[PDB]
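In: coords below, sequence missing:
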Ligand SMILES: CC(=O)O[C@H]1C(=O)[C@@]2(C)[C@H]([C@H](OC(=O)c3ccccc3)[C@]3(O)C[C@H](OC(=O)[C@H](O)[C@@H](NC(=O)c4ccccc4)c4ccccc4)C(C)=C1C3(C)C)[C@]1(OC(C)=O)CO[C@@H]1C[C@@H]2O
Ligand SMILES: Nc1nc2c(ncn2[C@@H]2O[C@H](COP(=O)(O)OP(=O)(O)OP(=O)(O)O)[C@@H](O)[C@H]2O)c(=O)[nH]1
Ligand SMILES: Nc1nc2c(ncn2[C@@H]2O[C@H](COP(=O)(O)OP(=O)(O)O)[C@@H](O)[C@H]2O)c(=O)[nH]1
Ligand SMILES: [Mg+2]
């Protein structure tokens, strides 16, 4: 389908400059200049956060009214009576709350140490990749997971480099890609677990490119649906109801509600004769597209 | 430390020839002595450390603990004279998983025994001057089945005469080595 | 009483009257790639921030030590016919009246953006109302019991 | 019905478009917020020709903003009338045009047209009866010329029946703000002649004089020049927008002005034009408006009418007036200056008229003329081109984009063929 | 988005870089300690320093520059100076040993072992740039480092990028005032390698700028910092259109398209105006016409060349401050009617003019005064062949005796390099002649 390398910069500029929209607030702790290597934080991304609700704010259950009511107010000496007197929802869970995405990936660390054969190619008519060596002779087992682990990034030029890296390696991969699948599930799941729209819309297009990059990749991926579909089930019904308003935004890929539908159709297309039930098990709303 | 530096072909951590070779090294002596003398075979200066109780007289590469020597070059090469005494040295390594292994090589040991955090191994030193090269990336793979990331600390115990300590990033030949990074034994 | 700010079509300046001669020196306003037709201008009590309406509808608040620009205008929308009649309530807030009859109160205290901490919000709107006709003049009357009574003259001679 | 979509290429084209959309937005009485605040119903009867509806009673322009180097698109967004554009009607690229027609038309143009065509198709289908297109070029720069023509060629092979306008600003004969400018001019012309139906030509030099002598402006900035291009660009279409005792669609202006398919380079002028002082003394009658328009100064192109004869012309009036006066005025002018017209064309002026005048004025008009005087303009460029092409100056840039020399030789010969046709019908 | 990579090699390069990176941090309000205060911020705004800085994760702005040198002593002065919190220490590249005015020691022996880390620093710095407008080299022909390094650097840079554009600001050995004895050698040797690799290369010399500071500013005590200040002002006026707004913006791509007609001919002159003290500006009005006449005056050039002995293949003007386009169009018309200035037949056009509304800034303690206008003139005129023929003559006047040749033949060179650079200079002079 459409590429992911070019669209990203123009989108970010259109969003931040043209509209009054926010970046919004990408944490850049530990990262200084382009020269000093960052200090990788021990935290992990897409991590479920504990419940912060207080002790007492929890309402108590009244045995007499069958209702959760808030506790009464303890007296206070300042608030004493004077002469005149004539007179609970539960704490919501962060289902759609963007998890914290620290810059402590492995791609950033490897690129900092300078072990990658990539570089930006400004001599092209746009941002392109420039390889120090030949792609089709690389060790995919060592490099391909590293490149997937940089998809979660948001700081330039790391995310551009990472997306363009996987985009170019999947084209020339061929058979060299199939045995690497068991090592790609963790970074894919970690990128999806961030709840952030930018990384999610990127990884879904990369996942499409992944199933299309070679043959027999579909059946090989099928056993791993239980670890990548759980997020699909959330944003499957995040669409825009414009009515008569034509969607100019359709020029680029931003609507998850159908970026997920296309990807699920593609999974059922390539998975074989049993991918449909493995999909229907995770996302129940799905409908067979054959 | 040594982070955000440039290591591509060589990285010399210690050199006997210089205004102050133990810039970054910490030195601890209990019943020994460290000095710089002119060797006879290789007619130049060599930094010698000696003393009884090998396990107590040594020099650590980072000046102080809680400070790592971030270096990602695979091969590590030392240039040492063999005084026919007890000599040992240790190198700590960070694996791909966040676990700090450490390998040490001793000339008074006869068996290798892999352990969760340590790997002691014998060293069969030659006579007189010799350079010893450690793969330091085959070793981690052969011991714990993991990958090498970057060295953290280096430590050299007593009864030896040091001339060169340098990371190589690959096994260079006697030809490819520059003049300073080789053994030219005169007559 | 030795400096005075003046705004117009595509220009804002602060003029200081020199003492040595009969001259007054201007200093121009530096705003980031902004072309606004300033209509009304007000100064706070302590010369901190100059507020300035705009035909676009923004209420640009700028610092006055250096005249550079600080905050754009009313969030959650934009005044319809551009800001025309602007005034300040002594509590530090601003009355804004556009050219349609929208009379609102913007509390202007430098706030940090909730999501992006090193960024500021826009001015919120405490209260709002609709009067008949474009608002052209605002004067104050300190009642101080509950609030303030402002005499508002609209283009419709009300 | 008769809806029209509007395109803006290049920096200048994006800038005058900021005025054209600011002038019209005030004509129909809408706000920078996009909301309508006029008073009459004529503000709403044919508003759909220039806008699409929006949620909450807003109106957004049927505009497209194409230009590399998105730095300019932050400007128009920041202007007092940037908030009405849909921020996804913005196609751009980080790389520069560099005034190299080739890359603007071969390399970096081909990267965007697939996106632009996606956008123009989207709101070509937003019109019930799409009348036509119209662009804003600048034959000097690489964006305007290079991207504009490549876009136009694409539209022509997709919407053949429709009509394409072009308000291309020509380079100046005396002034050359760039150096490779004649290369960008000739190469673009090799595209327009076969891929357009009407092509106004305008030069900033004449716009400076008009602002200097008539308007008595001391310092004409580019805004004032753009303020004039905006004025006329609105005057062309008031028929489509407003009632008129003799309305003139754009297709009937075409057939009444281009007797031959290639002679579609026009010459434009606006009236009344006075200073603030003269405004007090001059009286607004049909006579004033027609002598001023028929003057050789109001012609915003760097061409002298007296060196040619009007093959055909056309005047558009707006303002409550008498149709008899405008009927005899164009008659008298056709009688006296009988040398300034042709013989094989009996009556060679069309006098349209509208019922609603401009915003603050009470009578106004617009002059459009297809004279053979324009042949001078192309003559000039065809020298500056053949001057350096004889020396192959700056040509290595153009070979750097897969071009060749045949492209130039064919392009130049196309103009020499063209200007030859302007002489045939000028029997002196 | 619109960013440049500024190298400074040699001593003169990194001396002029002192002024350049002081002027920039002052023009954009950046404090010497990396970060600007919170007041200077204007709501949400960027691209005002993005061209010359990268904002860190919090606060600091680190300049996107490189200071390469083989003599430790000037990079140490920089490391210890007031502008040390700005540069991350890994920017300033040094070396234990210098080239000692030997092009061989610069190009074959010593630079061969540090280009690798220079290229790695450049890699790390250019991947950070989304839209790279170009590299700006600050070479200094006539010294060992400059001559050998800048050449080896540009060879590597062209074998890496090629298509990317390199603009250089070289000082050239002044004909009369010269502080070397072998410098014709290294100039001849550097030219053969630079012409084929760099894409545009301005030229200037200390003599013309001494004269300028004597004439206009009336300073009887000029030093190298005075010349550095003017070079910084010229470069600020040039990179304005990249980092600011204004009618007729200018980008390096277009600027190099419409000034270099032929691949070889890209050497060009420079000029700046107005350039005056405070008292002078107080008795003036500084019309755009006055400023353009001052700019086009041959005495106001920064190279000891006479343009009236040649023609103008093209030119380029970059105004600044309070200007409107009608004024520029009237001034160029006056100039093109004038007779002293020639223009080759095949360019009836030839004036690329750019404007912007950001006035020029004055550095406190500096020599220039505050003005609301400024003009930098850049012209590709065919008259410059005289300062090439000077050195063409000098090279062979020394090579006939073969003096100093032993240094070069012992430091990893032979004799053929001289002959090949001689042939190249002869061909270059023939090419310059061919355009008449
Ligand atoms: C008291 C009075 O009548 O003032 C006039 C006025 O004196 C004159 C001088 C106006 C005035 O125009 C100028 O001063 C001017 C300056 C630079 C470039 C062009 C014009 C006026 O601005 C122009 C303005 O005219 C309009 O509003 C037109 O309808 C015009 N409007 C705009 O272009 C416009 C758009 C957005 C915002 C502001 C103005 C128009 C023309 C065609 C189609 C639609 C609209 C009016 C009546 C006047 C002033 C204010 C002085 C003139 O302009 C027009 C187009 O009317 C200049 O020559 C005319 C003759 C007018 O008499
Ligand atoms: N305009 C100007 N010229 C300078 C300045 N400093 C030095 N120069 C000139 O630069 C030339 C010498 O350049 P260097 O950098 O010292 O020589 P090098 O390239 O480093 O070669 P080595 O000395 O071997 O390291 C001389 O002509 C100086 O006059 C300065 O600050 N401004
Ligand atoms: N009326 C008007 N003309 C302009 C303006 N700016 C530039 N022009 C002219 O437009 C030409 C430059 O075209 P430009 O779009 O900037 O270059 P491009 O991006 O390569 O197409 C030059 O001849 C300018 O003189 C303006 O603001 N108003
Ligand atoms: Mg030197």
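Out: Arrived safely. Numbering: from 1, shown residues only, chains lettered A, B, ... in the order given. Ligands and ions are numbered 1, 2, ... in the order given.
In: ok, stretch D:346-354 near ligand 1 or not?
Out: No: figure legend: stretch D:346-354 not in contact with ligand 1 (Cβ under 6 Å from any ligand atom); closest approach 11.1 Å. To be clear about C-beta, it is placed using only N, CA and C from the backbone, and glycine gets the same treatment.
In: what distance do you get for the closest residue to ligand 3 within the stretch 101-250 of chain A to residue E:263?
Out: Closest approach between the stretch 101-250 of chain A and ligand 3, counting by Cβ to the nearest ligand atom: residue A:125, at 15.4 Å. Counting by Cβ to Cβ, to the nearest Å, the gap from residue A:125 to residue E:263 is 21 Å.
In: helices of the stretch 151-300 of chain D, start to end?
Out: D:181-192, D:204-209, D:222-235, D:238-241, D:250-255, D:278-281, D:286-293 (DSSP state H, counting those that start in this stretch).
In: burial of the residue in the stretch 101-250 of chain E that ligand 4 sits nearest to, as a residue count?
Out: Sorted by distance to ligand 4 under Cβ to the ion, the residues of the stretch 101-250 of chain E start with residue E:143, at 3.9 Å. Under the neighbour criterion other Cβ atoms under 10 Å in any protein chain shown, residue E:143 is assigned a count of 30.
In: repeat that for the one 3 residues further on.
Out: As a burial measure, the neighbour count of residue E:146 was computed by other Cβ under 10 Å and equals 30.
In: does it touch residue E:13 like I think?
Out: Yes: the criterion here is Cβ atoms under 8 Å, and residue E:146 meets it with residue E:13 at 6.9 Å.
In: what sits in contact with each of these two?
Out: Taking Cβ atoms under 8 Å, 6 or more residues apart in numbering or on different chains as the contact definition, residue E:146 and residue E:13 share the neighbouring residues E:139, E:140.
In: quick check, the residue in chain A closest to ligand 4?
Out: When you check chain A against ligand 4 by Cβ to the ion, the closest residue turns out to be residue A:35, at 25.5 Å.
In: and the stretch 101-250 of chain E, which of its residues are near chain C?
Out: Contact residues (Cβ under 8 Å from any Cβ of the partner chain) of the stretch 101-250 of chain E with chain C: residue E:245.
In: mind telling me which residue of the stretch 101-250 of chain E is nearest chain B?
Out: Taking Cβ to the nearest Cβ, chain B has its nearest neighbour within the stretch 101-250 of chain E at residue E:117, 4.6 Å off.
In: all helices for the stretch 151-290 of chain A, in order.
Out: Residue ranges of the helices in the stretch 151-290 of chain A, as given by DSSP H, counting those that start in this stretch, are A:158-173, A:185-192, A:197-213, A:217-221, A:229-235, A:256-271, A:275-282.
In: of those, which is nearest chain B?
Out: For those, distance to chain B was read as Cβ to the nearest Cβ. The smallest value, 13.6 Å, belongs to helix A:185-192.
In: and that closest one with helix A:197-213, angle?
Out: For the pair helix A:185-192 and helix A:197-213, the angle between their directions (axes from the mean of the first three to the mean of the last three Cα atoms, to 10 degrees) equals 140 degrees.
In: got the buried residues for helix A:185-192?
Out: By neighbour count with 16 or more other Cβ atoms under 10 Å in any protein chain shown, helix A:185-192 contains the buried residues A:185, A:187, A:188, A:189, A:190, A:191, A:192.
In: likewise for stretch D:185-205?
Out: Counting neighbours by 16+ other Cβ under 10 Å, stretch D:185-205 gives D:185-193, D:195-205 as buried.
In: now do that stretch: distance from first to last residue.
Out: Using Cα to Cα, to the nearest Å, the span of stretch D:185-205 from its first residue to its last is 16 Å.
In: wait, does it contact ligand 1?
Out: No: residues of stretch D:185-205 contacting ligand 1 under Cβ under 6 Å from any ligand atom: none, with a closest distance of 13.5 Å.
In: for that stretch, what is the distance to the chain centroid?
Out: Using Cα atoms, centre = their mean, to the nearest Å, the distance from the centre of stretch D:185-205 to the centre of the chain it belongs to is 10 Å.
In: sorry, back to before: any chance of the helices of the stretch 151-290 of chain A in CSV, plus distance to residue B:18?
Out: As requested, the helices of the stretch 151-290 of chain A are arranged in CSV below (distance: least, Cβ to Cβ, whole Å):
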stretch, distance to residue B:18
helix A:158-173, 39
helix A:185-192, 46
helix A:197-213, 50
helix A:217-221, 57
helix A:229-235, 58
helix A:256-271, 61
helix A:275-282, 65
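In: and the ones you listed: which comes nearest residue E:172?
Out: Between residue E:172 and these, the shortest separation by Cβ to Cβ is 40.2 Å, and it involves helix A:158-173.
In: what's in contact with that closest one?
Out: Applying Cβ under 8 Å, 6+ apart, the set of residues contacting helix A:158-173 is A:3-5, A:8-9, A:105, A:107-108, A:111, A:118, A:120, A:127-129, A:131, A:135-136, A:138, A:140, A:143-144, A:147-151, A:153, A:177, A:202, A:206, A:209-210, A:213-214, E:127.
In: ok so, going back, A helix includes the residue of chain A closest to ligand 4, no?
Out: No: with the criterion set as DSSP: H, G, I helix; E, B strand; the rest coil, the secondary structure at residue A:35 is coil rather than a helix.
In: distance of it from residue D:189?
Out: Distance from residue A:35 to residue D:189, by Cβ to Cβ: 52 Å.
In: likewise residue E:44?
Out: The spacing between residue E:44 and residue D:189, counted by Cβ to Cβ, is 43 Å.
In: ok, residue C:70 next?
Out: Computed with Cβ to Cβ, the distance linking residue C:70 and residue D:189 is 50 Å.
In: so the residue nearest to residue E:299 when sequence neighbours are not counted, which of the three states?
Out: Counting by Cβ to Cβ, 6 or more residues apart in numbering or on different chains, residue E:215 is the residue found nearest to residue E:299 once chain neighbours are left out, at 7.1 Å. Three states are possible here, and by three-state DSSP the one that applies to residue E:215 is helix.
In: and the residue of chain B nearest chain E?
Out: Of all residues in chain B, residue B:6 sits closest to chain E, with a separation of 4.6 Å (Cβ to the nearest Cβ).
In: name the SS class of that residue, please.
Out: When the rule is three-state DSSP, residue B:6 gets the label coil.
In: quick one: contacts for it?
Out: The neighbours of residue B:6, taking Cβ under 8 Å, 6+ apart as the test, are E:117, E:120, E:121.
In: switch to 7 Å and redo it
Out: Under the criterion of Cβ atoms under 7 Å, 6 or more residues apart in numbering or on different chains, the contact list for residue B:6 reads E:117, E:120.
In: cheers, nothing more for now.
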